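Here's the structure, in structure tokens; my notes come after.
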Amino acid sequence: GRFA
Amino acid sequence: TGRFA
Amino acid sequence: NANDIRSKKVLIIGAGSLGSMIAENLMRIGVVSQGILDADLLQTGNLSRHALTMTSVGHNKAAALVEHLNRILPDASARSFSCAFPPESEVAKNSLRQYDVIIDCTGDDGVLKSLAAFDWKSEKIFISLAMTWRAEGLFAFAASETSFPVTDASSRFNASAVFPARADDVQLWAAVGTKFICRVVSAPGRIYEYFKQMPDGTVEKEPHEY
Amino acid sequence: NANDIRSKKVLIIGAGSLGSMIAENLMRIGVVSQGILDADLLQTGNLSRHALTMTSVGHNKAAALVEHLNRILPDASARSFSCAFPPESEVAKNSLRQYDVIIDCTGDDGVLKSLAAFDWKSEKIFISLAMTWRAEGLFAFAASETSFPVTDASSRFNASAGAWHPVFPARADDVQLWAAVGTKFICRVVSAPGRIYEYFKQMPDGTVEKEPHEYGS
């Protein structure tokens, strides 16, 4: 997905 | 100059 | 003071690189009532870009972060949830429903859908924050609704979508993201902003015009 | 390799708000050989804008910071100097002279003067970082000299001179922002050493600008  | 750290 | 985040119960979903740093910042400014939700263990590879240290490696990320947060200020009142979202217990579900501000720091699309399917029972401030994979940019979305608007959030991220992310990159976005959180809670609404960092650490912004 | 900060011995003078966060950032990226110098004790009033926690209240800031840094990586080799700059011991002075990069994070004009009067005995990379009163901006100065150029540094500083707004008192997020920008500044200077001065400003809309302008519109 995205990076967190 | 006011400097803060 | 109804627009002061310090008086709000804040739930942070995801205690990884970004979430751990945002939680620490919020605690230091006085957001003492925090819930931290993360089912996974802290890994040694995480420490290059995390709030915690080797002493938390191998421990649950939420429980370890909460132990740290509660040592920051005398009045800190952080609580850990070591389950995946959503919980199975109706007791746990009701505990999560007590929080006023729901912050997704997972970067996971499945969490966006779970937030939208969860029954929050009342209006919440929802915030989703995540980075691009080299941390060149930050996605920042907020909504004030009874149900999370996954369709709008996804379309914003999609419309916006040079070395591996380092601690300074993530701390930069945790700071920008903390300020974003504070701005949202002070004037809630439907908000989307995409930030980009330059090599010298300057930061440019592109907001969506709703 | 020779321009890689991770291989350098880095001394940070000032283990307060900005210095403690920069030190942590540098350790996480692999700068394992750090010296931390500070004579002051950590107090509860520091906690809202510091890397450390209540467990370090009442401890020397440098000693406590070094204990934290050495828990970040297995090869961390941080060392503390629990004294003011300069130390009185000649053994301590020689220990300080072993560092390659000297970073002033005190915001104290007396420290700048002391940096210039101290005999470093060889060329160093000097860096001076400090924020404005309400953390609206960041002063970033660097030089590669045998003696610290206090007069030029002061000249550059003087020429530039809800509660989330930059025009409000400084909070943890403000200091973390400038510690991040300052860490990037440190890395860029060591990669290409020279006389450099930059002044950064944070804006109400969340953006960050630099003087002189370099990147973007």
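Rule-based calculations on the coordinates, nothing more; no lab input. With ideal geometry, Cβ positions are generated from the backbone for all residues, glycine too; neighbour counts draw on all protein chains shown.
Quick notes on this one:
- Hits in the stretch C:44-66 - residues which are more than 14 Å from D:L73 (Cβ to Cβ) and more than 10 Å from every other protein chain (Cβ to nearest Cβ): C:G58, C:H59, C:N60, C:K61, C:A62, C:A63, C:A64, C:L65, C:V66
- Residue in the stretch C:1-38 that is nearest to C:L73 (Cα to Cα), counting only those that are of a type in the set (D, E) and within 14 Å of chain D (Cβ to nearest Cβ): C:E24
- Filtered by the rule that a residue be in contact with an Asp or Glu (Cβ under 7 Å, 6 or more places away or on another chain) and either surrounded by fewer than 24 Cβ atoms within 10 Å (Cβ to Cβ) or among the acidic types (D, E) (or both), the stretch C:1-28 gives C:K8, C:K9.
- Which numbered condition D:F85 misses (of (1) in contact with a helix residue (DSSP H, G or I) (Cβ under 6 Å, 6 or more places away or on another chain); (2) more than 9 Å from chain C (Cβ to nearest Cβ); (3) not in a loop (DSSP other than H, G, I, E, B)): (3)
- Looking only at residues of the stretch D:157-172 that are surrounded by fewer than 15 Cβ atoms within 10 Å (Cβ to Cβ) and either aromatic (F, W, Y) or closer than 19 Å to B:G2 by Cα (or both), we find that the one that is farthest from the other protein chains (Cβ to nearest Cβ) is D:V167.
- Test: residue in the stretch C:127-143 that is of a type in the set (S, T, N, Q) and farther than 15 Å from A:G1 by Cα: no
- In the stretch D:173-217, residue farthest from the other protein chains (Cβ to nearest Cβ) [restricted to those that are polar (S, T, N, Q) and either within 20 Å of D:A159 (Cα to Cα) or assigned to a helix (DSSP H, G or I) (or both)]: D:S191
- Residue match in the stretch C:115-130 (condition: assigned to a helix (DSSP H, G or I) and closer than 21 Å to C:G16 by Cα): yes
- Here D:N94 fulfils each of the conditions (1) closer than 27 Å to C:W173 by Cα; (2) among the polar types (S, T, N, Q); (3) in a helix (DSSP H, G or I); (4) over 16 Å from the mean Cα position of the chain (by Cα) apart from (1).
- Filter pass, C:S56 being surrounded by fewer than 19 Cβ atoms within 10 Å (Cβ to Cβ) and of a type in the set (G, A, S): no
- Subset of the stretch C:59-82 (residues that are in a loop (DSSP other than H, G, I, E, B), within 22 Å of D:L52 (Cβ to Cβ) and not charged (D, E, K, R)): C:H59, C:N70, C:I72, C:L73, C:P74, C:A76, C:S77, C:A78
- Picking from residues in the stretch D:189-208 that are surrounded by fewer than 16 Cβ atoms within 10 Å (Cβ to Cβ) and among the charged types (D, E, K, R), the one that is nearest to D:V167 (Cα to Cα) is D:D205.
- Within the stretch D:113-147, the set of residues being touching a strand residue (DSSP E or B) at 6+ places or on another chain (Cβ under 6 Å) and among the polar types (S, T, N, Q) comprises D:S128, D:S144.
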